[PDB]
Structures are given as structure tokens and as C-alpha cells.
Amino acid sequence: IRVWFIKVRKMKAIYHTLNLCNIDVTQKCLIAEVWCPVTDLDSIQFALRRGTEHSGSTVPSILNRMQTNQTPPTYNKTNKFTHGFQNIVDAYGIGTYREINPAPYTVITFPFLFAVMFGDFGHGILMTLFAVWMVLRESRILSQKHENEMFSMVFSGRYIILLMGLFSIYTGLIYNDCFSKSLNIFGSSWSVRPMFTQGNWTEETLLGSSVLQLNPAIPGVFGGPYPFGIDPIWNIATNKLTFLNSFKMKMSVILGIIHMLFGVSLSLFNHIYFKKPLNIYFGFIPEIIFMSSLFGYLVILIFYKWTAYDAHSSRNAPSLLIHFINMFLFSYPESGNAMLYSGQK
Amino acid sequence: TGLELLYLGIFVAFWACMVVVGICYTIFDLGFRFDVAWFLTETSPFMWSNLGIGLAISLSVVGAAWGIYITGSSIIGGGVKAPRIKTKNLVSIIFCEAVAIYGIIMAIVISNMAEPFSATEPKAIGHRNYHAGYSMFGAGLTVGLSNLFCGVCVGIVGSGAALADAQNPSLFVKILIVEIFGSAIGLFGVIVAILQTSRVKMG
Amino acid sequence: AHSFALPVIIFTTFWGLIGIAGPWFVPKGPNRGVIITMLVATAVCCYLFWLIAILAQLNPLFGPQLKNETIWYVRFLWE
Amino acid sequence: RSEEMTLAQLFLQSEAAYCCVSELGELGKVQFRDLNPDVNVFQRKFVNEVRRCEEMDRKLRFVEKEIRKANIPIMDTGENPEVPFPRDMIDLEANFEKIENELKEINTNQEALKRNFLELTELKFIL
Amino acid sequence: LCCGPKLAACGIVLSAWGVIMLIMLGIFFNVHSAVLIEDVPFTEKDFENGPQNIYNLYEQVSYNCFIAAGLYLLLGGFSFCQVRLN
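Residues numbered from 1 in each chain as written, not as in the entry; some residues may be left out. Chains lettered and ligands numbered in written order. Part of a larger assembly, values for the part shown. Heavy atoms only, no water.

In the annotation of the PDB entry, chain D is listed under the name V-type proton ATPase 116 kDa subunit a 1 and assigned to Mus musculus. This entry carries the title "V0-only V-ATPase in synaptophysin gene knock-out mouse brain isolated synaptic vesicles".

The name that the PDB entry assigns to chain A is V-type proton ATPase 116 kDa subunit a 1, with the source organism given as Mus musculus.

Right, dumping it as C-alpha cells:
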């Protein structure tokens with residue numbers, strides 16, 4: 001009788017949907033309108049042929065095409081890979097008819113931002129190992145009953161967790177963060193005490209038991225760029241927080257501005273397809289110009305300061321944030337802050 | 001209410017003591033022992049600075065929490081018979097956190113300009129450090145209180161809009177106008193806190 | 001002692017190689033655009049992150065702060 | 001776009017359109033929409049079959065409730081069947097009513113159960 | 001049977017993690033000879049003569065890592081044995 005339950009629900013649905021047909025039966029005008037895609041018309045007319053085969057009336061049971069001006073529904077044709085990421089975006093809002101699909105870009109820029117937020121080596125390795133376990137054992141777990149609903153929604157995001165762990169491993173490598181300690185792989189370039197003795201640096205370490213004895217930049221051979229990531233010495237420096245804060249704040253702001261310009265440039269595609277000259281002409285253009293003029297300048301200024309000022313100019317090194325406050329308030333004091341570059345006015 | 005009575009008793013005792021002490025001292029020709037200069041010159045500028053720094057984030061966080069709860073309770077409760085309102089009405093929470101974001105940025109900005117000195121007497125410290133400490137305290141206080149009241153108003157109107165949206169879909173998109181107009185006062189508070197400390201050169 | 005032109009050349013050439021060559025030689029199937037977007041945006045984000053991390057160190061302003069024990073130890077380890 | 005056209009009409013009434021729409025539902029690649037007038041649910045051409053279906057669901061719900069109170073697990077791993085549109089289905093539901101009727105009499109025998117307790121309580125006045 | 005598989009799987013992965021991490025940390029101590037960046041902890045309040053005492057003590061410290069690895073490996077073997085009790 002459980003089979004009968006399945007059958008009963010089926011026929012109930014059939015009759016309920018057949019109720020929707022037209023409100024007349026003269027000349028056999030019992031007709032119902034249907035949303036159906038284009039790639040599956042052959043199966044639909046094959047179904048109609050099957051229905052007439054089950055019927056003894058031998059009638060074509062077909063009708064000609066027509067078009068109206070209603071709003072069609074949207075369906076994201078997913079496969080084993082894109083589904084986990086399309087479901088994540090559809091959870092907040094359903095795209096219009098022909099909206100720029102955001103899954104193809106999201107599928108990657110999501111774990112990247114996560115890895116920026118979660119940039120550690122060992123934890124990333126653990127996540128990718130869990131991903132490998134869950135991916136390889138998919139067939140048995142799928143054909144298995146589990147009481148843990150948390151595990152079901154975890155299992156939904158398979159390739160999510162996989163790519164997330166991969167980029168987490170990468171960003172653990174790039175910060176030279178590995179369980180909170182750097183990995184000195186191919187050399188340090190900062191502390192050379194035998195060279196430091198040239199610059200009046202000897203016998204201080206007797207008082208070293210109670211002082212800190214700052215290291216300067218460029219007594220002649222210091223500085224130099226580590227080819228890959230953060231120099232390991234910073235990991236043991238007591239003032240690491242200052243440089244780490246500066247570098248991380250700047251990276252975060254730069255990442256955020258390019259994300260937004262990406263957004264608006266992508267929007268320009270959305271409007272040009274829909275044949276809306278007004279929106280492109282008096283929409284996209286002022287907003288992109290505003291975004292650029294207001295913050296691409298900040299990005300370029302940050303990069304200029306990075307590639308411009310050496311160690312010997314540590315006195316009166318210009319500060320960008322105060323210059324931005326003066327950008328907003330239009331205030332130019334005669335002194336107190338030197339111009340970062342000539343002709344800034 | 002016992003707590004209100006306790007607060008009233010403490011407040012009334014405090015002000016009665018102040019009034020009586022003031023009157024007897026003024027009648028007693030002892031105005032030379034009321035030298036407010038010593039009171040506002042013994043205090044270090046760094047105390048004023050650091051109190052301002054603490055408040056400039058503390059009060060903003062308090063306002064953010066107030067608005068968060070006041071809108072979230074109604075958002076969660078009213079969606080039982082309409083799950084559609086979970087994602088439509090997330091703007092209020094976003095603004096309730098943007099308040100704290102502004103507070104943190106202001107804390108970072110004012111946190112600068114903290115170079116110590118060596119003077120230990122009023123004649124040696126000078127006017128500049130006193131101005132710095134007072135200005136930083138004032139900026140912290142104003143930004144904190146502005147963002148507090150801002151967050152409270154934002155949360156209240158967010159609750160109202162979220163609760164009203166469950167009746168008819170075409171309501172919220174126009175009721176959010178008051179929601180957006182809420183944040184302007186916090187923006188003004190940040191601007192004034194910026195301007196008050198634009199000429200400090202402590203060091 | 002480290003070089004700067006050599007690493008920038010090596011990593012820029014590697015990331016250009018992947019990000020440009022990968023799209024050109026994909027099989028003609030149904031999953032073409034997905035893989036193209038994945039690889040291209042990967043190379044972009046990856047290389048940009050490395051470039052920012054490396055330029056943040058070029059031309060430092062102040063050296064590290066090292067305890068005295070580390071100052072003693074670095075004598076006879078890095079040398 | 002996702003689709004080029006989505007409002008083609010290829011459906012016409014027949015004497016066995018039930019089988020046509022059943023097979024179309026089996027396909028699982030269409031959605032239905034009509035009845036702009038929004039008539040009341042009890043002015044319908046097919047109201048009687050919906051009422052019959054509701055009666056079958058009510059009877060079925062009662063029997064499955066009784067089964068679940070028996071703590072007897074149900075197994076559902078067989079094939080998906082095809083609905084028997086001709087009048088044979090009628091005979092089937094007749095049998096189902098008999099099943100429900102048996103359950104009714106079983107509850108009548110639960111009257112006996114009450115009598116049992118009218119004596120078990122009696123045992124507790126042994127003193 | 002004893003120490004059912006439900007927790008024994010977690011125990012086995014934990015033991016594998018312990019063996020691997022302890023072995024690698026010990027090897028990092030020994031091969032790099034306990035560079036202060038990767039090896040702060042130690043026990044000596046007097047080293048002003050020379051580095052040889054420091055190196056000897058750091059070798060002594062790094063020695064315990066392999067004992068920890070052996071204990072973790074024995075734990076993993078015990079858990080694997082309990083898994084076979086079916």
C-alpha cells in the first residue's frame with residue numbers, strides 16, 4: 001500500500017495540474033500553457049507521441065508555437081561542479097531573465113578572499129585533506145543514510161572546501177606563515193652582526209640583558225627583497241605588528257577597490273546587452289569615473305610611496321592618510337606635511 | 001523600583017553636598033583654595049587622550065549592539081509565517097555594523113600623535129600638549145556619543161521596517177528611506193571628530 | 001644577499017605562461033569556459049598577491065627589533 | 001541567454017490527455033500555468049476527482065498513522081509505478097476502504113482495553 | 001569490540017598527525033640546529049662563553065621529539081588493532 005501511496009500522490013498531482021486547463025470544452029478547447037526550455041523540445045514531442053500511443057484516438061495532439069510578453073522563469077543548468085557554487089548565490093536572490101551569471105567568477109574569487117582571511121599553511125593542509133577524503137568517498141556516502149544534517153550541508157560544499165583549502169595553503173606560503181612560524185627556506189638578508197660592528201656596534205650586549213637595541217636600515221648592505229613572501233626575521237621581531245599592520249591594511253584596501261571596479265565594469269556588459277543606451281550613457285560612466293578619481297588615486301599613491309622613498313629619507317616621510325583627510329577637507333596648511341611628489345596641487 | 005530610588009538617593013545626596021559645600025566656602029572668603037587652574041593643569045594630557053581613544057570605540061560598539069538586538073529580534077520573530085523576509089531585510093544589520101566600522105577607523109586616526117615628552121611640571125609642559133590632550137578627549141567623546149545615538153535610531157527604524165514588511169511586499173523598498181537617513185548623524189559626528197583634532201602637533 | 005630582477009622575471013614569466021597558454025589549449029567540450037575562468041582568474045589573483053607582498057618589503061624604512069639573545073645567536077648561525 | 005523562446009504551445013485536448021500529461025510529468029522538464037480568471041477552487045471542471053483523491057489521502061494517512069504507532073518500519077525501495085487511469089483504480093480504492101474499516105473495528109475492540117483498566121485500577125484498592 | 005571504531009578512526013588520524021608533526025619538528029630542530037626563529041624555547045640562564053653549550057642543549061631538547069613520535073606511532077598501532085576487532 002506504500003506503492004499505492006506513491007501512485008495516489010501521482011494521480012492527485014496529475015488531476016490538480018489538469019485542473020488548470022481552459023474553462024471551456026467546446027470543440028475540445030481544454031488547453032494549458034507551459035514553460036519549457038528550447039534544448040528539450042524533442043523529448044517533449046516524443047512524450048506527446050507516447051501519450052497518443054497510449055491513447056486509442058490516433059490524433060496529432062499538437063499545436064503551433066506562439067509568443068507573448070510575460071516574464072519567463074530562470075533555471076541554472078548545473079553539473080557536478082558548478083552546482084555547489086550556484087546554490088550559494090541563489091540563496092540570496094534569483095537572477096532576472098538573462099542576468100550576468102555570477103557563478104563563473106565567484107567559483108574562484110570566493111576561496112581567494114577566504115584564504116586572504118584565513119592565510120595559514122597547516123590549517124589549509126588539514127582542510128584540503130578533509131576535501132580529498134570527502135571527494136574520494138563520494139559514492140558510498142551518497143548511497144548511505146546519515147543522521148547528521150550538519151554533515152549533509154557540509155558535504156554539499158565539496159569543491160568549495162577543496163578550492164578553499166588549496167588557496168589557504170597558497171596564502172600560508174605567501175605570508176611565510178606556517179603554524180604561526182616562518183620557514184626560512186633560502187636565506188635571510190637583515191641581521192649581519194659582523195657587518196654591524198662597523199657601525200659602532202660592540203659591547204652594547206652587556207647591557208643587552210635589559211635593552212632592545214634597534215636595528216637600522218642601510219648601514220651599507222642591509223635591506224634587500226626576499227624573493228618570496230615575508231622575510232623570516234620579521235616573525236621574531238618584537239615590533240612586527242607595525243609593519244604587518246601597514247602591509248595588511250594596504251593590501252586589503254587595494255583588493256577591495258579592484259573588486260568594486262570589477263563589479264561596475266561587469267555591470268556595463270549587463271546594460272549593453274539589454275539595448276539600453278540611456279543606462280550606459282548616463283549610468284555606468286559617471287559612477288566609474290567617480291570610483292576611479294576617488295580611490296584609484298589612493299591605490300596609485302600607495303604604490304608610488306612603496307616604490308619611491310628609501311631608508312635614508314626616514315625623516316619627515318610623508319603620510320598618505322593625512323593627505324587623504326586634506327583631499328576631503330580641501331585644507332592646505334603651509335607646513336607640517338611635505339608634498340609626496342612635485343606638482344600635487 | 002528599588003534601583004531608580006537608589007540612583008535618585010545617590011544623585012540627590014551628591015548635589016545637596018555640592019550646594020552646601022559651595023555656599024559655605026563662598027561665604028567663608030575661601031575662594032583662594034578654589035584654584036581651578038591647579039585642577040586642570042595637574043592632569044596629564046595623555047589621560048585625556050586615552051580616555052577619548054577608549055570612548056571613541058566603546059560608545060560606538062554600544063550603539064551597534066543596541067541596534068543589532070533591537071532589529072534582529074523582530075526580524076527573526078516576524079519571519080515564522082514569512083521566511084521571505086530573512087534576506088530582504090539585512091540592510092539594517094549592515095548599517096548597525098558600519099557604525100562600528102566608522103568608530104574603529106576614527107580610533108585608528110586619533111590613536112596617532114602620541115609621542116611622549118619629559119616635562120613634569122606645568123611651566124615646562126607648555127600650552128601645546130594641554131591643547132592636544134583636551135582636543136583628543138573632546139573628539140573621542142563626541143564621536144562616541146554621536147555614533148551611539150545614531151545606532152539606536154537606526155536599530156529602532158530597522159525593527160519597524162522589518163516588522164511592517166511581512167504584511168505586503170511593496171512596503172520595505174520605500175520605508176528604507178528613514179533607515180538611510182539615520183546614518184547621516186553618525187557621519188556628521190565622525191566629520192566633527194576629524195575637524196576638532198586637525199591641528200594637533202603633540203611632540 | 002638576494003636578487004630582485006631574477007625572481008620577478010621568473011615568477012612573472014611563470015604566471016604569464018599559465019594564465020595565457022592554458023586558455024589556448026583546452027579541449028573542445030562543455031566545461032571549457034569554467035576551466036578558462038578558473039585558471040585565468042587564478043593566475044591574476046595569485047600573481048597580484050605575490051607582487052604586493054614583495055613590493056611591501058622593497059626599500060624598508062626601519063629595521064626589526066631583536067632581543068639580545070637573538071643578537072647573540074644570529075652571530076654564529078647566519079654567517 | 002538561458003533560453004531563446006519559452007512560450008510555445010504544443011498541447012491539444014484528447015480523450016486520453018491524462019496519459020499525455022502524466023508522461024510529460026514523467027519527463028520532468030516543464031512547468032504549468034493558466035487560469036487567469038482565478039476562479040474559486042470549488043468551481044472546477046474536475047472538482048469531484050480532487051475530492052475523491054482527498055478522501056483517498058485521508059484514509060491512507062489514517063492507516064499510515066496506525067502503522068507508525070505499531071512501530072513497524074515501511075520499506076520503499078521498489079520501482080516507480082505507472083498510474084492505472086482506467087476504472088480499475090476504482091476497484092483498488094474499494095479494497096482500501098475495507099482496510100480502514102478493519103481498523104475501525106479494532107478501535108472498537110479497544111473498548112475492551114478500557115474495561116481491563118477498570119479492573120487494574122481495582123487491584124490498587126487491594127488494601 | 002573494545003574501543004569501538006566510531007572513535008578509533010578519529011584516534012588513528014590523530015595519531016598519524018602526531019607522528020608526522022613531531023617527527024618534522026624534531027628534524028627541523030636538528031637539521032637547522034635550532035635557529036632562534038624556529039626554536040625559541042630552551043633552558044639555560046648562562047651562555048656568554050660560546051655557542052657550543054647552546055647547540056648541545058638544543059640537540060638535547062630536540063631529542064625528545066622522536067620519543068614523542070614513537071609514543072604517537074604506538075598509539076596509532078593500538079587504535080588500528082582495536083579497529084580490527086569486528
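Having seen it, we continue.
Looking now at the interface of chain A and chain D. Taken together, the contact pairs 57 residues of chain A with 53 residues of chain D. At the boundary of chain A with chain D, total buried surface from both sides reaches about 6,400 Å², with 69% on carbon and sulfur atoms. Of all residues in chain A, A:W4, A:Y15 and A:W35 bury the most surface against chain D, accounting for 13% of the area lost on that side. Taken together, chain A and chain D are joined by 5 salt bridges. Counting residues per element, the ones that place at least two in the side of chain A that touches chain D are α1 (2-18), β1 (33-35) and α2 (41-54) of chain A. Its residues assigned to classes, the side of chain A that touches chain D shows 34 nonpolar, 12 polar and 11 charged. (Contact = heavy atoms within 4.5 Å. Buried area = accessible area lost by both parts, 1.4 Å probe. Salt bridge = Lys/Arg side-chain N within 4 Å of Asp/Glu carboxyl O. Helix = DSSP H or I, 4+ residues; strand = E, 2+ residues; numbered from the N terminus. Nonpolar A, V, L, I, M, F, W, Y, C, P; charged D, E, K, R; others polar.)

A complete count under the given rule lists 3 cavities of 30 Å³ or more for this structure. Counted as a void, the largest cavity has a volume near 190 Å³. In terms of lining residues, the largest cavity is bounded by 15 residues, among which A:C21, D:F11, D:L12, D:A17 and D:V21 are the most central. At the level of elements, α1 of chain A together with α1 (17-27) of chain D are the ones that each hand at least two residues to the lining of the largest cavity. Across the lining of the largest cavity, the residue classes break down as 12 nonpolar, 3 polar and no charged. Estimates place the volume of the second largest cavity at around 70 Å³. (1 Å grid on protein atoms, 1.4 Å probe; cavity = no way out; pocket = protein on both sides within 12 Å on 5 of 7 lines; lining within 4 Å. Points joined across faces, edges and corners; volume = space filled by probe spheres on them.)

For the rest of this paragraph, the subject is the side chain of A:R2. Counting through the fold element by element, A:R2 comes out in helix α1. Excluding its chain neighbours within four sequence positions, the residues that come into contact with A:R2 are D:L60 and D:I74.

One can find A:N239 in the loop between α9 (193-196) and α10 (240-273). Residue A:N239 is classed as buried on the basis of its relative accessible area of 9%. What A:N239 contacts, discounting residues up to four positions off in sequence, is A:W234, C:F62, C:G63, C:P64 and C:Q65. (Buried < 20%, exposed > 50% of the residue type's maximum accessible area, 1.4 Å probe, protein only.)

Each partner contributes residues to the interface: chain E has 14 residues there, and chain C has 6 residues. Here chain E is connected to chain C by 0 salt bridges. If you look at where chain E meets chain C, you find 3 residue pairs in polar contact. It is helix α2 (residues 52-84) of chain E that provides the largest number of residues to the side of chain E that touches chain C, a total of 3 residues. Classifying every residue of the side of chain E that touches chain C gives 9 nonpolar, 4 polar and 1 charged. (Polar contact = N/O pair within 3.5 Å; in protein donor to acceptor, adjacent residues only side chain to side chain.)

All right, on to the layout of surface pockets then. Reported here for the second largest pocket is a volume of approximately 1,300 Å³. Around the second largest pocket, the lining is made up of 44 residues, and of these A:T74, A:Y75, A:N76, A:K77 and D:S2 lie nearest the centre. Among the secondary structure elements, those contributing two or more residues to the lining of the second largest pocket are α3 (83-90) and α4 (103-117) of chain A together with α2 (32-55) of chain C. Looking at the lining of the second largest pocket element by element, the count peaks at 4 residues for α3(A).

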